[PDB]
Amino acid sequence: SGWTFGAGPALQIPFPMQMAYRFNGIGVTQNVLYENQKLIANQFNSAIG
Amino acid sequence: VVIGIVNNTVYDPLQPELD
Ligand SMILES: *[C@@H]1O[C@H](CO)[C@@H](O)[C@H](O)[C@H]1NC(C)=O
Ligand SMILES: *[C@@H]1O[C@H](CO)[C@@H](O)[C@H](O)[C@H]1NC(C)=O
């Protein structure tokens, strides 16, 4: 759900779109995430590992 | 490079007014 589960009813939303939301919230455009999605995913997986 | 994108049409506020 993202952040809506803590401010009211839960709303379903794809996780890449939630990541685009969180990237646009800090000033970075959503295109860098919508284009380089595989790189961000691999970096996140490597960090989690 | 965008995954999950679908084909559609967008509107232009200049083409119908110019034509
Ligand atoms: C959409 O969801 C299905 C089931 O999880 C998955 O197999 C498919 O890869 C997904 N497609 C995209 C673009 O995420
Ligand atoms: C979108 O259009 C292109 C070119 O017409 C085509 O190759 C592609 O398969 C289409 N994709 C979808 C979402 O139908």
# chains A, B, ... in the order shown; residues from 1 in each chain; ligands from 1
>>> residues_near_ligand(ligand="ligand 1", cutoff="12 Å", atoms="only C-alpha atoms and all ligand atoms", output="CSV table (one decimal) with N, CA, C and O atoms, in the first residue's frame")
chain,number,residue,atom,x,y,z
A,14,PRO,N,1.2,-0.6,-7.3
A,14,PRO,CA,2.4,-1.3,-7.6
A,14,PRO,C,3.7,-0.7,-7.0
A,14,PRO,O,3.8,0.5,-6.8
A,15,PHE,N,4.6,-1.6,-6.6
A,15,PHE,CA,5.8,-1.2,-5.9
A,15,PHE,C,6.7,-0.3,-6.7
A,15,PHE,O,7.3,0.6,-6.2
A,16,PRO,N,6.9,-0.6,-8.0
A,16,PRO,CA,7.7,0.4,-8.8
A,16,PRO,C,7.1,1.8,-8.8
A,16,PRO,O,7.8,2.8,-8.8
A,17,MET,N,5.7,1.9,-8.9
A,17,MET,CA,5.1,3.2,-8.8
A,17,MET,C,5.2,3.8,-7.5
A,17,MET,O,5.3,5.1,-7.4
A,34,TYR,N,11.9,4.8,-13.8
A,34,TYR,CA,11.1,4.1,-14.8
A,34,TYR,C,11.9,3.6,-15.9
A,34,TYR,O,11.5,2.6,-16.6
A,37,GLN,N,15.2,0.8,-14.0
A,37,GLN,CA,14.5,0.0,-12.9
A,37,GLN,C,15.3,-1.2,-12.5
A,37,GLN,O,15.4,-1.5,-11.3
A,38,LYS,N,15.9,-1.9,-13.5
A,38,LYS,CA,16.7,-3.1,-13.2
A,38,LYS,C,17.9,-2.8,-12.4
A,38,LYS,O,18.2,-3.6,-11.5
B,1,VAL,N,12.6,1.1,-22.8
B,1,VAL,CA,13.2,0.7,-21.5
B,1,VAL,C,12.1,0.6,-20.4
B,1,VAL,O,12.3,0.0,-19.4
B,2,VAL,N,11.0,1.3,-20.7
B,2,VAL,CA,9.9,1.3,-19.7
B,2,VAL,C,9.1,-0.1,-19.8
B,2,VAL,O,8.7,-0.5,-20.9
B,3,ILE,N,8.9,-0.7,-18.7
B,3,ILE,CA,8.2,-2.0,-18.6
B,3,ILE,C,6.8,-1.8,-18.1
B,3,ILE,O,6.6,-0.9,-17.3
B,4,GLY,N,5.9,-2.5,-18.7
B,4,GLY,CA,4.5,-2.3,-18.3
B,4,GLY,C,3.7,-1.2,-19.0
B,4,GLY,O,2.6,-0.9,-18.6
B,5,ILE,N,4.4,-0.6,-20.0
B,5,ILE,CA,3.8,0.6,-20.7
B,5,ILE,C,2.8,0.1,-21.8
B,5,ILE,O,3.0,-1.0,-22.4
B,6,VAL,N,1.7,0.8,-21.9
B,6,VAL,CA,0.7,0.4,-22.9
B,6,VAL,C,0.6,1.6,-24.0
B,6,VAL,O,0.9,2.7,-23.7
>>> atom_distance(atom1="CA of residue 40 (chain A)", atom2="CA of residue 21 (chain A)")
14.5 Å
>>> select_by_dssp(residues="chain A", states="helix (DSSP H, G or I)", output="PyMOL selection string")
chain A and resi 4-6+15-25+31-35+37-48
>>> write_last_selection(atoms="N, CA and C atoms", output="PDB file, in the first residue's frame")
ATOM      1  N   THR A   4      -0.293   4.897   2.519  1.00  0.00           N
ATOM      2  CA  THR A   4      -1.711   5.121   2.770  1.00  0.00           C
ATOM      3  C   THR A   4      -2.251   4.234   3.884  1.00  0.00           C
ATOM      4  N   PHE A   5      -1.559   3.141   4.211  1.00  0.00           N
ATOM      5  CA  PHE A   5      -2.008   2.270   5.291  1.00  0.00           C
ATOM      6  C   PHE A   5      -1.847   2.905   6.665  1.00  0.00           C
ATOM      7  N   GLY A   6      -1.090   3.996   6.772  1.00  0.00           N
ATOM      8  CA  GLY A   6      -0.943   4.721   8.017  1.00  0.00           C
ATOM      9  C   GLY A   6      -1.668   6.046   8.078  1.00  0.00           C
ATOM     10  N   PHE A  15       4.586  -1.637  -6.585  1.00  0.00           N
ATOM     11  CA  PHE A  15       5.793  -1.199  -5.888  1.00  0.00           C
ATOM     12  C   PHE A  15       6.704  -0.314  -6.735  1.00  0.00           C
ATOM     13  N   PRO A  16       6.909  -0.557  -8.037  1.00  0.00           N
ATOM     14  CA  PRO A  16       7.688   0.416  -8.824  1.00  0.00           C
ATOM     15  C   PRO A  16       7.067   1.802  -8.837  1.00  0.00           C
ATOM     16  N   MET A  17       5.737   1.888  -8.865  1.00  0.00           N
ATOM     17  CA  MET A  17       5.089   3.195  -8.828  1.00  0.00           C
ATOM     18  C   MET A  17       5.231   3.843  -7.455  1.00  0.00           C
ATOM     19  N   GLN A  18       5.247   3.036  -6.391  1.00  0.00           N
ATOM     20  CA  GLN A  18       5.524   3.579  -5.064  1.00  0.00           C
ATOM     21  C   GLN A  18       6.950   4.112  -4.978  1.00  0.00           C
ATOM     22  N   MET A  19       7.902   3.403  -5.590  1.00  0.00           N
ATOM     23  CA  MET A  19       9.278   3.884  -5.622  1.00  0.00           C
ATOM     24  C   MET A  19       9.391   5.169  -6.433  1.00  0.00           C
ATOM     25  N   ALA A  20       8.642   5.265  -7.534  1.00  0.00           N
ATOM     26  CA  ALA A  20       8.613   6.507  -8.303  1.00  0.00           C
ATOM     27  C   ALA A  20       8.022   7.647  -7.481  1.00  0.00           C
ATOM     28  N   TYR A  21       6.967   7.361  -6.713  1.00  0.00           N
ATOM     29  CA  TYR A  21       6.408   8.348  -5.794  1.00  0.00           C
ATOM     30  C   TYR A  21       7.462   8.839  -4.808  1.00  0.00           C
ATOM     31  N   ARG A  22       8.165   7.908  -4.163  1.00  0.00           N
ATOM     32  CA  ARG A  22       9.157   8.283  -3.158  1.00  0.00           C
ATOM     33  C   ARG A  22      10.347   9.006  -3.779  1.00  0.00           C
ATOM     34  N   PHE A  23      10.661   8.716  -5.045  1.00  0.00           N
ATOM     35  CA  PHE A  23      11.741   9.427  -5.718  1.00  0.00           C
ATOM     36  C   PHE A  23      11.318  10.840  -6.096  1.00  0.00           C
ATOM     37  N   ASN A  24      10.069  11.008  -6.540  1.00  0.00           N
ATOM     38  CA  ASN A  24       9.576  12.342  -6.865  1.00  0.00           C
ATOM     39  C   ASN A  24       9.364  13.180  -5.612  1.00  0.00           C
ATOM     40  N   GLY A  25       9.142  12.532  -4.465  1.00  0.00           N
ATOM     41  CA  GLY A  25       8.952  13.275  -3.232  1.00  0.00           C
ATOM     42  C   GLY A  25      10.200  13.989  -2.756  1.00  0.00           C
ATOM     43  N   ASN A  31      11.500   9.502 -14.156  1.00  0.00           N
ATOM     44  CA  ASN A  31      12.011   8.858 -15.361  1.00  0.00           C
ATOM     45  C   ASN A  31      13.274   8.049 -15.094  1.00  0.00           C
ATOM     46  N   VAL A  32      14.129   8.508 -14.175  1.00  0.00           N
ATOM     47  CA  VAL A  32      15.363   7.780 -13.886  1.00  0.00           C
ATOM     48  C   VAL A  32      15.050   6.427 -13.256  1.00  0.00           C
ATOM     49  N   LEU A  33      13.910   6.322 -12.572  1.00  0.00           N
ATOM     50  CA  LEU A  33      13.516   5.047 -11.981  1.00  0.00           C
ATOM     51  C   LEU A  33      12.713   4.205 -12.965  1.00  0.00           C
ATOM     52  N   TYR A  34      11.863   4.844 -13.772  1.00  0.00           N
ATOM     53  CA  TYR A  34      11.083   4.109 -14.759  1.00  0.00           C
ATOM     54  C   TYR A  34      11.942   3.572 -15.894  1.00  0.00           C
ATOM     55  N   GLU A  35      13.120   4.152 -16.121  1.00  0.00           N
ATOM     56  CA  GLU A  35      14.049   3.672 -17.137  1.00  0.00           C
ATOM     57  C   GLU A  35      15.097   2.726 -16.563  1.00  0.00           C
ATOM     58  N   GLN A  37      15.184   0.799 -13.962  1.00  0.00           N
ATOM     59  CA  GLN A  37      14.525   0.034 -12.911  1.00  0.00           C
ATOM     60  C   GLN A  37      15.324  -1.206 -12.533  1.00  0.00           C
ATOM     61  N   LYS A  38      15.897  -1.891 -13.526  1.00  0.00           N
ATOM     62  CA  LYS A  38      16.664  -3.101 -13.249  1.00  0.00           C
ATOM     63  C   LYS A  38      17.897  -2.794 -12.406  1.00  0.00           C
ATOM     64  N   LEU A  39      18.566  -1.672 -12.683  1.00  0.00           N
ATOM     65  CA  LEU A  39      19.749  -1.309 -11.909  1.00  0.00           C
ATOM     66  C   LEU A  39      19.392  -1.013 -10.458  1.00  0.00           C
ATOM     67  N   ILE A  40      18.315  -0.259 -10.232  1.00  0.00           N
ATOM     68  CA  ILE A  40      17.888   0.043  -8.868  1.00  0.00           C
ATOM     69  C   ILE A  40      17.483  -1.233  -8.143  1.00  0.00           C
ATOM     70  N   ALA A  41      16.781  -2.133  -8.837  1.00  0.00           N
ATOM     71  CA  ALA A  41      16.378  -3.392  -8.221  1.00  0.00           C
ATOM     72  C   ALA A  41      17.589  -4.233  -7.839  1.00  0.00           C
ATOM     73  N   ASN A  42      18.578  -4.324  -8.733  1.00  0.00           N
ATOM     74  CA  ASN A  42      19.778  -5.098  -8.433  1.00  0.00           C
ATOM     75  C   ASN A  42      20.561  -4.481  -7.281  1.00  0.00           C
ATOM     76  N   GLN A  43      20.645  -3.150  -7.235  1.00  0.00           N
ATOM     77  CA  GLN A  43      21.344  -2.495  -6.133  1.00  0.00           C
ATOM     78  C   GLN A  43      20.632  -2.740  -4.808  1.00  0.00           C
ATOM     79  N   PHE A  44      19.297  -2.673  -4.809  1.00  0.00           N
ATOM     80  CA  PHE A  44      18.546  -2.934  -3.585  1.00  0.00           C
ATOM     81  C   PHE A  44      18.716  -4.379  -3.135  1.00  0.00           C
ATOM     82  N   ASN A  45      18.698  -5.323  -4.080  1.00  0.00           N
ATOM     83  CA  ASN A  45      18.892  -6.725  -3.724  1.00  0.00           C
ATOM     84  C   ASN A  45      20.289  -6.963  -3.167  1.00  0.00           C
ATOM     85  N   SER A  46      21.303  -6.339  -3.770  1.00  0.00           N
ATOM     86  CA  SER A  46      22.664  -6.484  -3.266  1.00  0.00           C
ATOM     87  C   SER A  46      22.801  -5.886  -1.871  1.00  0.00           C
ATOM     88  N   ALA A  47      22.151  -4.745  -1.625  1.00  0.00           N
ATOM     89  CA  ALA A  47      22.203  -4.139  -0.298  1.00  0.00           C
ATOM     90  C   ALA A  47      21.503  -5.012   0.737  1.00  0.00           C
ATOM     91  N   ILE A  48      20.352  -5.587   0.375  1.00  0.00           N
ATOM     92  CA  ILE A  48      19.633  -6.461   1.299  1.00  0.00           C
ATOM     93  C   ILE A  48      20.451  -7.714   1.592  1.00  0.00           C
TER      94      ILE A  48
END
>>> atom_distance(atom1="atom 7 (O, counted along the ligand's line) of ligand 2", atom2="CA of residue 8 (chain B)")
12.5 Å
